[PDB]
Amino acid sequence: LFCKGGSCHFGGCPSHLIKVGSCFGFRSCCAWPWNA
């Protein structure tokens with residue numbers, strides 16, 4: 001599941017990414033830090 005900036009991951013976000021918001025349900029939406 002993509003996320004405005006990156007991708008969604010259940011649990012949280014890869015150290016690289018930034019939590020943009022919630023993903024489908026219990027999942028977390030992650031985007032890239034460039035501006036997050």
# chains A, B, ... in the order shown; residues from 1 in each chain; ligands from 1
call {"tool": "residues_around", "arguments": {"residues": "residue A:15", "least_positions_apart": "4", "cutoff": "12 Å", "atoms": "only C-alpha atoms", "output": "ChimeraX atom specification"}}
result
/A:9,19,30-33
call {"tool": "write_last_selection", "arguments": {"atoms": "N, CA, C and O atoms", "output": "CSV table (one decimal), in the first residue's frame"}}
result
chain,number,residue,atom,x,y,z
A,9,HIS,N,3.4,0.5,6.2
A,9,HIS,CA,3.9,-0.7,6.8
A,9,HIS,C,3.2,-0.9,8.1
A,9,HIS,O,3.1,0.0,9.0
A,19,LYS,N,6.3,9.0,9.4
A,19,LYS,CA,4.9,8.7,9.5
A,19,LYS,C,4.0,9.8,8.9
A,19,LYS,O,3.8,10.8,9.6
A,30,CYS,N,3.7,5.5,5.6
A,30,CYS,CA,5.0,6.1,5.7
A,30,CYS,C,5.4,6.7,4.4
A,30,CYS,O,5.1,6.2,3.3
A,31,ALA,N,6.1,7.9,4.5
A,31,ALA,CA,6.5,8.6,3.4
A,31,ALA,C,8.0,9.0,3.6
A,31,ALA,O,8.5,8.7,4.7
A,32,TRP,N,8.6,9.6,2.7
A,32,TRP,CA,10.0,9.9,2.8
A,32,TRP,C,10.2,11.3,3.5
A,32,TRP,O,9.5,12.2,3.3
A,33,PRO,N,11.3,11.3,4.4
A,33,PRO,CA,11.6,12.5,5.2
A,33,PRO,C,11.9,13.8,4.4
A,33,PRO,O,11.9,14.9,5.1
call {"tool": "residues_around", "arguments": {"residues": "residue A:8", "least_positions_apart": "6", "cutoff": "7 Å", "atoms": "only C-alpha atoms", "output": "ChimeraX atom specification"}}
result
/A:1-2,23,27-30
call {"tool": "select_by_dssp", "arguments": {"residues": "chain A", "states": "strand (DSSP E or B)", "output": "ChimeraX atom specification"}}
result
/A:2-3,6-10,12,18-22,27-31
call {"tool": "write_last_selection", "arguments": {"atoms": "C-alpha atoms", "output": "mmCIF file, in the first residue's frame"}}
result
data_model
loop_
_atom_site.group_PDB
_atom_site.id
_atom_site.type_symbol
_atom_site.label_atom_id
_atom_site.label_comp_id
_atom_site.auth_asym_id
_atom_site.auth_seq_id
_atom_site.Cartn_x
_atom_site.Cartn_y
_atom_site.Cartn_z
ATOM 1 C CA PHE A 2 1.514 3.291 -1.096
ATOM 2 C CA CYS A 3 1.442 6.403 1.039
ATOM 3 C CA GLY A 6 6.347 6.444 0.373
ATOM 4 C CA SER A 7 4.638 3.237 1.449
ATOM 5 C CA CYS A 8 2.605 1.866 4.345
ATOM 6 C CA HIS A 9 3.915 -0.675 6.813
ATOM 7 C CA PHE A 10 2.089 -2.407 9.597
ATOM 8 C CA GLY A 12 5.319 1.820 12.107
ATOM 9 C CA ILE A 18 8.334 9.404 8.160
ATOM 10 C CA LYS A 19 4.872 8.651 9.500
ATOM 11 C CA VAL A 20 2.622 10.530 7.069
ATOM 12 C CA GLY A 21 -0.507 9.037 8.565
ATOM 13 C CA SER A 22 -2.428 5.832 9.144
ATOM 14 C CA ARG A 27 -1.245 -0.202 9.340
ATOM 15 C CA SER A 28 0.878 2.919 9.367
ATOM 16 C CA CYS A 29 1.431 5.095 6.304
ATOM 17 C CA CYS A 30 5.027 6.078 5.684
ATOM 18 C CA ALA A 31 6.520 8.647 3.391
#
call {"tool": "decode", "arguments": {"residues": "stretch 8-35 of chain A", "atoms": "N, CA, C and O atoms", "output": "mmCIF file, in the first residue's frame"}}
result
data_model
loop_
_atom_site.group_PDB
_atom_site.id
_atom_site.type_symbol
_atom_site.label_atom_id
_atom_site.label_comp_id
_atom_site.auth_asym_id
_atom_site.auth_seq_id
_atom_site.Cartn_x
_atom_site.Cartn_y
_atom_site.Cartn_z
ATOM 1 N N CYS A 8 3.158 2.188 3.040
ATOM 2 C CA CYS A 8 2.605 1.866 4.345
ATOM 3 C C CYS A 8 3.167 0.555 4.862
ATOM 4 O O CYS A 8 3.441 -0.368 4.090
ATOM 5 N N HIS A 9 3.364 0.495 6.168
ATOM 6 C CA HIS A 9 3.915 -0.675 6.813
ATOM 7 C C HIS A 9 3.229 -0.892 8.143
ATOM 8 O O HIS A 9 3.131 0.023 8.961
ATOM 9 N N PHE A 10 2.752 -2.091 8.361
ATOM 10 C CA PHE A 10 2.089 -2.407 9.597
ATOM 11 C C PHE A 10 3.087 -2.341 10.752
ATOM 12 O O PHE A 10 4.135 -2.989 10.710
ATOM 13 N N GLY A 11 2.759 -1.568 11.778
ATOM 14 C CA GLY A 11 3.636 -1.448 12.928
ATOM 15 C C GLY A 11 4.185 -0.050 13.102
ATOM 16 O O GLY A 11 4.089 0.534 14.183
ATOM 17 N N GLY A 12 4.758 0.494 12.044
ATOM 18 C CA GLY A 12 5.319 1.820 12.107
ATOM 19 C C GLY A 12 5.870 2.264 10.775
ATOM 20 O O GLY A 12 5.182 2.186 9.757
ATOM 21 N N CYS A 13 7.108 2.731 10.774
ATOM 22 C CA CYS A 13 7.743 3.199 9.557
ATOM 23 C C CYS A 13 9.237 2.967 9.579
ATOM 24 O O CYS A 13 9.904 3.244 10.579
ATOM 25 N N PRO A 14 9.799 2.493 8.461
ATOM 26 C CA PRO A 14 11.230 2.276 8.359
ATOM 27 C C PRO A 14 11.957 3.537 8.792
ATOM 28 O O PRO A 14 11.578 4.638 8.392
ATOM 29 N N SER A 15 12.966 3.378 9.620
ATOM 30 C CA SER A 15 13.730 4.501 10.135
ATOM 31 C C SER A 15 13.900 5.595 9.084
ATOM 32 O O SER A 15 13.889 6.784 9.404
ATOM 33 N N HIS A 16 14.060 5.185 7.836
ATOM 34 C CA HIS A 16 14.244 6.132 6.741
ATOM 35 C C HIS A 16 13.021 7.012 6.556
ATOM 36 O O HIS A 16 13.133 8.225 6.400
ATOM 37 N N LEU A 17 11.860 6.377 6.517
ATOM 38 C CA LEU A 17 10.610 7.073 6.280
ATOM 39 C C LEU A 17 10.112 7.880 7.468
ATOM 40 O O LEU A 17 10.711 7.904 8.548
ATOM 41 N N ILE A 18 9.005 8.550 7.214
ATOM 42 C CA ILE A 18 8.334 9.404 8.160
ATOM 43 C C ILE A 18 6.851 9.066 8.177
ATOM 44 O O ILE A 18 6.241 8.854 7.125
ATOM 45 N N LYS A 19 6.279 8.986 9.362
ATOM 46 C CA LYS A 19 4.872 8.651 9.500
ATOM 47 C C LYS A 19 4.003 9.766 8.928
ATOM 48 O O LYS A 19 3.812 10.805 9.562
ATOM 49 N N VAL A 20 3.479 9.546 7.727
ATOM 50 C CA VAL A 20 2.622 10.530 7.069
ATOM 51 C C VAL A 20 1.214 10.457 7.637
ATOM 52 O O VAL A 20 0.514 11.468 7.739
ATOM 53 N N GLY A 21 0.810 9.252 8.006
ATOM 54 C CA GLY A 21 -0.507 9.037 8.565
ATOM 55 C C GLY A 21 -0.783 7.570 8.775
ATOM 56 O O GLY A 21 0.142 6.756 8.756
ATOM 57 N N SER A 22 -2.041 7.219 8.954
ATOM 58 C CA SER A 22 -2.428 5.832 9.144
ATOM 59 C C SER A 22 -2.665 5.163 7.795
ATOM 60 O O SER A 22 -3.089 5.809 6.837
ATOM 61 N N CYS A 23 -2.391 3.873 7.732
ATOM 62 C CA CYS A 23 -2.576 3.098 6.516
ATOM 63 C C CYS A 23 -3.913 2.394 6.584
ATOM 64 O O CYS A 23 -4.729 2.699 7.454
ATOM 65 N N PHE A 24 -4.141 1.442 5.702
ATOM 66 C CA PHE A 24 -5.383 0.719 5.726
ATOM 67 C C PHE A 24 -5.497 0.009 7.056
ATOM 68 O O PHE A 24 -4.788 -0.965 7.331
ATOM 69 N N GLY A 25 -6.376 0.526 7.885
ATOM 70 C CA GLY A 25 -6.588 -0.029 9.190
ATOM 71 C C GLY A 25 -5.408 0.153 10.127
ATOM 72 O O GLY A 25 -4.809 1.226 10.208
ATOM 73 N N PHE A 26 -5.105 -0.910 10.843
ATOM 74 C CA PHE A 26 -4.028 -0.958 11.826
ATOM 75 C C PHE A 26 -2.653 -0.586 11.264
ATOM 76 O O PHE A 26 -1.706 -0.386 12.023
ATOM 77 N N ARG A 27 -2.526 -0.519 9.952
ATOM 78 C CA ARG A 27 -1.245 -0.202 9.340
ATOM 79 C C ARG A 27 -0.903 1.270 9.449
ATOM 80 O O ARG A 27 -1.776 2.113 9.645
ATOM 81 N N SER A 28 0.379 1.563 9.305
ATOM 82 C CA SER A 28 0.878 2.919 9.367
ATOM 83 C C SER A 28 1.359 3.352 7.986
ATOM 84 O O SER A 28 2.008 2.582 7.277
ATOM 85 N N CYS A 29 1.030 4.575 7.602
ATOM 86 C CA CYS A 29 1.431 5.095 6.304
ATOM 87 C C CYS A 29 2.743 5.850 6.437
ATOM 88 O O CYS A 29 2.879 6.732 7.292
ATOM 89 N N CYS A 30 3.719 5.478 5.621
ATOM 90 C CA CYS A 30 5.027 6.078 5.684
ATOM 91 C C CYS A 30 5.414 6.729 4.373
ATOM 92 O O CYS A 30 5.143 6.216 3.286
ATOM 93 N N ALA A 31 6.054 7.862 4.508
ATOM 94 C CA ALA A 31 6.520 8.647 3.391
ATOM 95 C C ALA A 31 7.976 8.978 3.620
ATOM 96 O O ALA A 31 8.520 8.651 4.665
ATOM 97 N N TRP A 32 8.617 9.578 2.651
ATOM 98 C CA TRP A 32 10.014 9.909 2.772
ATOM 99 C C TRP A 32 10.230 11.259 3.490
ATOM 100 O O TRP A 32 9.464 12.198 3.328
ATOM 101 N N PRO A 33 11.255 11.328 4.351
ATOM 102 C CA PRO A 33 11.598 12.514 5.179
ATOM 103 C C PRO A 33 11.897 13.834 4.443
ATOM 104 O O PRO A 33 11.945 14.876 5.094
ATOM 105 N N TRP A 34 12.151 13.806 3.135
ATOM 106 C CA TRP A 34 12.497 15.038 2.383
ATOM 107 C C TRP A 34 11.863 16.300 2.971
ATOM 108 O O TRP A 34 12.436 17.388 2.893
ATOM 109 N N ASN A 35 10.674 16.156 3.521
ATOM 110 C CA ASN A 35 9.929 17.275 4.079
ATOM 111 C C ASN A 35 8.927 16.747 5.086
ATOM 112 O O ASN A 35 7.776 17.185 5.128
#
